[PDB]
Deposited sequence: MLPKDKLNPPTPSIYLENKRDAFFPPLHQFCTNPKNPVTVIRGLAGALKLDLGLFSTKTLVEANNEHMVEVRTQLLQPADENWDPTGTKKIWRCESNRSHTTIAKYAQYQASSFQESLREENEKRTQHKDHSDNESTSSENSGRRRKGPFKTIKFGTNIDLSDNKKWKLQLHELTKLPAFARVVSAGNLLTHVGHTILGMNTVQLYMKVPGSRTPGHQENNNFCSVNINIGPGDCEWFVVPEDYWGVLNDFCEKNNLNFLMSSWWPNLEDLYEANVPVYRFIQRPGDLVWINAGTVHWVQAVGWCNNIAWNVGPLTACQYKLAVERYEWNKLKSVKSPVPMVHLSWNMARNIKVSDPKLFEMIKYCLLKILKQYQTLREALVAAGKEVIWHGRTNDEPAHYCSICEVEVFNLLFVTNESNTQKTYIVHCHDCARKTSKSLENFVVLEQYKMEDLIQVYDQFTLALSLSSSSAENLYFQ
């Protein structure tokens, strides 16, 4: 079907009015639109993309760290096994580190070398390329002008905003509520994935070259998971590059489009995607969590799925949920009932655990909390741990407070005799937050 190669939801901006126009906000967050390409976004805002040029980055922080992925330069939209014999899903992507100055040097000489080849005139085997990924632009002192330029965006697409759930986490989640930079040469590939905890993603192409994007709606992610599992690949942890003929045969629709310099790509919640550089360019990206039932639901679902797959969730959805209930007036009936349900479950599980401890003669020690203290995770299994923290007798005495979850503490120490139980929140206070959390009226 042509329904298997659908058109890209695409908004064409001319000026600031178009960018700040509220139906643009609603369009991007509509669950029916897996991706929105906002064309001409930088131009409409007079964004200085030059602040993100390789030349400026070198001058700014030439020793800054870059995660290098070394890859094969693959043809078009395909991924071949190294012997050029068959198209496979697994892609080779070895990791090392470099600096902006060193990667910049390669980016520039790669282009000069391509110019000479174009002037030398005229299955693999395949050349090797390097992709500069995940460059951390969280330090406002090192990247003042860069980060300030992005406050010019409409609020819904900003790294920080009142309506961004990731703003409401209350602490830094690297690469999610902080900007990541990518420095690319032709063929630089970001393999298939969903965002961390299915949060939306915002990507701007700095240029000067284009990127090519591949997008599959969230509700087909199970199909791609089976493909991975049948191909001996971890959907969440392995590097894979879909066979478009496999997807077509399985009746999976694939959105496919070009992102030009200054185009902003909005990846909606849970949308599966992979990307390749067509030319030489940089990109900047971060996540955003719109206050919708769809975003919260997909975030919760991935959070729970990660536990089953023994994968850490970068977004602490328990911590977030209490912050939402404490600080956000929620007027969507569906969203409200989702949050209320989740808090009630947290609350009851917590009450059950606490009572089991008390009834077994285990003491619960009041530990309180520092405000804006990040969520905790289990030092062993990396699950989020909320309120009741399990700390060894020695870590307690040393006041290092190395957190464990209950299961891991119990597996270590059968009667928890090697652990103390630290309580960060009084129950009455949590019950109060829950009770005071009611549906706000909005006429919108």
Walk along the deposited sequence from position 1 and note every stretch that has no C-alpha coordinates.
1-3, 126-146, 469-478
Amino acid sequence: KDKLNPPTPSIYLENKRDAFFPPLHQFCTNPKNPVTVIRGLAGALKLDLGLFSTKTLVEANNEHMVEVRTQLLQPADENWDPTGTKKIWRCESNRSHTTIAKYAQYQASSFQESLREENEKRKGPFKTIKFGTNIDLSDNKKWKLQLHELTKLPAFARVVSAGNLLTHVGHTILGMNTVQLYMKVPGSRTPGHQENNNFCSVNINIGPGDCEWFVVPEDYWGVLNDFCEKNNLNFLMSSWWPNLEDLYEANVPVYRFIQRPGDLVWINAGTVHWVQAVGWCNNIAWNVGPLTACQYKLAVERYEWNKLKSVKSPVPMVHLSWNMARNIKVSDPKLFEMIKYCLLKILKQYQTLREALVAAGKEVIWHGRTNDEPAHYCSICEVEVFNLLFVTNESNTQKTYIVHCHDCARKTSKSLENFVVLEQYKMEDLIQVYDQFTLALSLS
From here on, numbers count along this sequence of modelled residues.
Please report whether at least a third of the other compared entries leave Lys121 without coordinates.
yes
With respect to the recorded C-alpha B factors, which stretch has the higher mean value, 73-81 or 204-212?
73-81
Out of 422-430 and 13-21, which stretch has the higher average CA B-factor listed in the record?
422-430
Highest recorded C-alpha temperature factor, please, choosing from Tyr303, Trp241, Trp266, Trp366.
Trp366
Scanning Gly270, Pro374, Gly187, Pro314 for peak Cα temperature factor in the entry gives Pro374
Would you mind checking where the Cα B-factor of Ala42 ranks among the modelled residues of its chain, as the lowest, middle or highest third?
lowest
Looking at the C-alpha B-factor of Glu149, is it in the lowest, middle or highest third of its chain?
middle
Could you tell me which third, lowest, middle or highest, the C-alpha B-factor of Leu443 occupies within its chain?
middle
Comparing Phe386 with the other modelled residues of its chain, is its CA B-factor in the lowest, middle or highest third?
lowest
Chain thirds by Cα B factor, record data; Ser138 belongs to the middle
